[PDB]
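**Q**
Protein chains: 2
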Amino acid sequence: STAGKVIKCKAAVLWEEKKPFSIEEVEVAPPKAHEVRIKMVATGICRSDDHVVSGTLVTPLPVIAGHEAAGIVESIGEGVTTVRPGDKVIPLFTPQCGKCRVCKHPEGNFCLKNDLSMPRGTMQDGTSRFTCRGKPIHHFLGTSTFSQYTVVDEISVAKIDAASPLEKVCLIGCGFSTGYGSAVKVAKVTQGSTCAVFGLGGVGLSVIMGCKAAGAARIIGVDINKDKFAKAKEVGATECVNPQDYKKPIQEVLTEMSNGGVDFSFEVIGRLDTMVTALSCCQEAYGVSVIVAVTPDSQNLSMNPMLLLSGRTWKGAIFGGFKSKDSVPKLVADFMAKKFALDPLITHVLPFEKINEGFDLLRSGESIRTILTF
Amino acid sequence: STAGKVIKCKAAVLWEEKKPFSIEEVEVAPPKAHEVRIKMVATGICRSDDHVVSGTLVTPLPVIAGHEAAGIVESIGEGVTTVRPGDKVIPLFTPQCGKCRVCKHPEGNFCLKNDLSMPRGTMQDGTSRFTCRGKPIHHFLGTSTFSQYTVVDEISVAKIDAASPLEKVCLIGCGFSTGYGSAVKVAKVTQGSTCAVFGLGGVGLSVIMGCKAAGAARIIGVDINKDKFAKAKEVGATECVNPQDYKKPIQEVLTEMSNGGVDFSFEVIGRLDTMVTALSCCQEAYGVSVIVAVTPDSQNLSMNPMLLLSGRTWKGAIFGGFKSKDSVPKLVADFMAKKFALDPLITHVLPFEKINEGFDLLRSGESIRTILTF
Ligand SMILES: [Zn+2]
Ligand SMILES: [Zn+2]
Ligand SMILES: [Zn+2]
Ligand SMILES: [Zn+2]
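Note that the protein sequences, when read in sequence, are chains G and R.
So the first sequence is numbered by UniProt numbering: it starts at 2 and just counts up by one.
So the second sequence is numbered by UniProt numbering: it starts at 2 and just counts up by one.
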């Protein structure tokens, strides 16, 4: 009744930069070969989506943003073997084609088929499945979750547990996995270790959860906003420090606190100065610092290579270093097995149509995570 | 006949900055508890020693420099158990006390007992064993190899094969191990991988040897001086590239050559701009770049954290990441077992008294490595 034909539905369309999202009636074309049309159930509002709005993250416009979500497959194109109609799925903004050098590399996850490096805003075949009043609308990171229905390439979708709560597990689409993975996959936090987390937002909390799951003895939360501390401690933080409370530089305070420097530090703010501070606070001989965020309007940080010569390791990653398709299902399984809680991260839930309001909450910073429901 | 009493000998003393080395008659006091007096046999002239001269590497003056050497133990102080009189040894500028957090850490080697971070220019007990005309002379990195005899703390000396050629294995004291280790221990080069080595001096060649021993399929030597290419190829380089031959930036050339970016890159020059270039040329998703050198007159490099967010790893190390005392003996064993050749690195051999001449060769750059013999 719906398969093989165009679907008329609503979607949040961004027509121009620095403009509010426009709830428009759009036409979502049927999935071609190796494609998957998905009926959205829930989608999170991530800072990256906002970067598209402010023109910070350059991608073709008009566009249907959104990359953190979960839904139900309504139909599949010819050749699709990984998912079936009715399956609960999560779109992967970072694809896993499984064929490129990166997918075949044991340490890589940034699939060369990504639309992040040089954004085209289309399906893998160079075209779009979206039209508004006969006018073509671009895709976003092969996901475009700000729509009641979306069409994604098979390499950009993962089948998850059929009994999982999509209003919660949608965070696995970006926020949670990014933070959690930075701790568990990128840094590879060891038991009894001391960790320092800069920035206690949603991703920051997820990093803490990862350090906790990894068995870190100490997890020091760092944030200039004291209101973020309670949640941080609730999710795993042993201590919380505010740089504004001190007269001496924060890396100095952290070095003293950890008697020589922390084992693992994470920068989850995307600020040039704290990235350097995060690196500097980890132990000089074996300290590991992970870059979990950087603003799209790329500016250069200033740093002394001496910090690295002593023995430190500096590394970053997208999607917490997780090979998307392989990891997402297992992360949902862990959530289903009660291995971790996602509720502490959800601070607001609004119906999809109030998308602009959800962004006001994001921009104001009073929201850890707003989830849009369909 | 010599043990327990002061030894009168010659040493190259640096009285002031930017001054030539002064061959002076000095008094080397007998080794106290857990100390070792060594009769020097050979010592290399490393750029770091020159940094002491130009005041770049700040350490107390007057001083007896030199940290890359090999010799014979003439006597030991009470409590010494690792070496005995007559033993062939190599002083360790990077100590291995085996007790501090770093020594006990599986990834650390920069022993907290080092005199590099905050130079005191003395023995571990805060005093000196050197006097020239009744005037106290400082030590250097717990080694001071520019003397016919030196006294070092037990944690700063390693016993090596009694049949090894000290005129050659002395390179294990710094140069060779630093380069070799950066490839074999820090970067952990894998078989069939593609490597890029910036700077083809002694340490640069040693990195190549490490990549070769690690089974790298491609080892691209990079240097603006073509005269360094032959030796590079001789030791393992598959290709040699000169940045002055090209119109486009070098990281671009290297990215194209390696079809997407190299697996491992090493900066062995100590230049802020090439460090960034070296990082940028390794693959974005799983590339590893190693900082093998940085000038003591620390200046900040400028870099975009985006290079790291994609998945790259940036790391540096001292003494090639080798836990000094444990590694040195095994490296000599490997040399003795013919696992690698040290001769290609030795370009000049001069008697100890012509030390200043050896530095002229170093400063002019016409020398890969000058070895001083006693
Ligand atoms: Zn996101
Ligand atoms: Zn791929
Ligand atoms: Zn040296
Ligand atoms: Zn130690």
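Note that beta-carbon positions come from the ideal geometry of N, C-alpha and C, so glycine has one too.
By DSSP's criteria, residue 38 of chain G is part of a beta bridge. Which residues make up the other side?
**A** G/76 and G/152
**Q** Beta carbons nearer than 7 Å to chain R: which residues of the segment 142-172 of chain G have them?
**A** none
**Q** Would you kindly report the start and end of the unbroken alpha helix (DSSP H) that includes residue 257 of chain G?
**A** 251-258
**Q** What whole-angstrom Cβ distance do residue 140 of chain R and residue 62 of chain R have, given they're in contact under 8 Å?
**A** Between residue 140 of chain R and residue 62 of chain R, the beta carbon gap of about 12 Å keeps them out of contact (Cβ cut-off 8 Å).
**Q** For a test of the three-state rule: what should DSSP assign to residue 324 of chain R, helix, strand or coil?
**A** coil
**Q** How many Å lie between residue 378 of chain G and residue 143 of chain G at the Cα?
**A** Because chain G spans 2 through 375 in this model, residue 378 of chain G falls outside it and cannot be assessed.
**Q** In chain order, what residues of the same chain have a beta carbon less than 6 Å from the beta carbon of residue 205 of chain R, not counting five sequence neighbours either side?
**A** 198 and 269
**Q** Quick one: is residue 306 of chain R near chain G, going by C-beta distance under 8 Å?
**A** Answer yes: the Cβ-Cβ gap between residue 306 of chain R and chain G drops below 8 Å somewhere.
**Q** Can you name the residues of chain G whose CB is closer than 7 Å to the CB of residue 299 of chain R?
**A** 305 and 307
**Q** List the DSSP bridge partners of residue 283 of chain R.
**A** Paired residue(s): R/263.
**Q** Put residue 376 of chain G into one of helix, strand or coil per three-state DSSP.
**A** Coverage of chain G is limited to positions 2 through 375, which leaves residue 376 of chain G absent and any answer about it impossible.
**Q** Can you tell me which of R/355, R/326 and R/10 puts its alpha carbon nearest to the alpha carbon of residue 155 of chain R?
**A** Nearest C-alpha to residue 155 of chain R: R/326.
**Q** Do the CB positions of residue 298 of chain G and residue 57 of chain G come within less than 8 Å of each other?
**A** yes
**Q** CB-CB under 8 Å to residue 105 of chain R, same chain, minus the five flanking residues each way: which ones, in chain order?
**A** 99
**Q** Taking only beta-carbon positions, decide if residue 314 of chain G is within less than 8 Å of chain R.
**A** Contact with chain R is found for residue 314 of chain G, since one of that chain's Cβ atoms lies less than 8 Å from the residue's Cβ.
**Q** Residues of chain G with CB under 7 Å from residue 265 of chain R, in chain order?
**A** Taking a Cβ-Cβ threshold of 7 Å, none of the residues of chain G is close to residue 265 of chain R; the smallest such distance is about 12 Å.
**Q** Quick one: what's residue 106 of chain G bridged to in DSSP?
**A** Residue 106 of chain G is not bridged to any residue.
**Q** Give me the subset of the segment 227-246 of chain R whose CB atoms are less than 8 Å from a CB atom of chain A, sorted by chain position.
**A** In the displayed structure, chain A is absent; the protein chains listed are G and R.
**Q** Would you mind giving the Cβ-Cβ distance between residue 374 of chain G and residue 345 of chain G, rounded to the nearest angstrom? I have them listed as a contact below 8 Å.
**A** Contact flag wrong, Cβ pair sits at about 19 Å.
**Q** Check whether the Cβ of residue 108 of chain R lies closer than 8 Å to any Cβ atom in chain G.
**A** yes
**Q** Can you round the beta-carbon distance between residue 162 of chain G and residue 334 of chain G to whole angstroms, since I take them to be within the 8 Å contact cut?
**A** Taking the Cβ atoms as the reference, residue 162 of chain G lies roughly 6 Å from residue 334 of chain G, within the contact range of under 8 Å.
**Q** Determine the chain R residues that contact residue 111 of chain G at a beta-carbon separation under 7 Å, and present them in chain order.
**A** 285, 286, 311 and 312
**Q** Closer than 7 Å by beta-carbon distance: list the chain R residues that pair up with residue 302 of chain G, in chain order.
**A** 304 and 306
**Q** Run through chain G and tell me which residues come within less than 7 Å of residue 102 of chain R, C-beta to C-beta.
**A** 261
**Q** First and last residue of the alpha helix (DSSP H) that includes residue 178 of chain R?
**A** Residue 178 of chain R -> alpha helix (DSSP H) spans 176-182.
**Q** Pairing CB atoms from the segment 28-41 of chain R with CB atoms from the segment 70-88 of chain R, are three or more of them under 8 Å?
**A** yes
**Q** Sort R/295, R/194, R/233 and R/231 by Cα distance to residue 261 of chain R and report the nearest one.
**A** R/194
**Q** Check whether the Cβ of residue 113 of chain R sits closer than 7 Å to any heavy atom of ligand 6, and report yes or no.
**A** What this structure holds is ligand 1, ligand 2, ligand 3 and ligand 4, not ligand 6.
**Q** Indicate whether at least one CB of chain G lies closer than 8 Å to the CB of residue 41 of chain R.
**A** no
**Q** Taking the beta carbon of residue 245 of chain G as the centre, do at least 16 other beta carbons fall within 10 Å, making it buried, or is it exposed?
**A** exposed
**Q** Provide the residue span of the alpha helix (DSSP H) that contains residue 170 of chain R, from first to last.
**A** Start and end: 167-170.
**Q** What span of residues does the alpha helix (DSSP H) with residue 290 of chain G cover, start to end?
**A** No alpha helix (DSSP H) holds residue 290 of chain G; the beta strand (DSSP E) holding it covers 289-292.
**Q** Check for me: the beta strand (DSSP E) holding residue 199 of chain G runs from which residue to which?
**A** 195-199
**Q** Would you mind telling me which residues of chain G sit closer than 9 Å to residue 421 of chain R, beta carbon to beta carbon, in chain order?
**A** Residue 421 of chain R is absent from the structure shown; chain R starts at 2 and stops at 375.
**Q** For a test of your reading of the model: does the CB of residue 97 of chain G fall under 7 Å from any non-hydrogen atom of ligand 2? Yes or no.
**A** yes
**Q** Is there a Cβ of chain G sitting closer than 8 Å to that of residue 372 of chain R, yes or no?
**A** no
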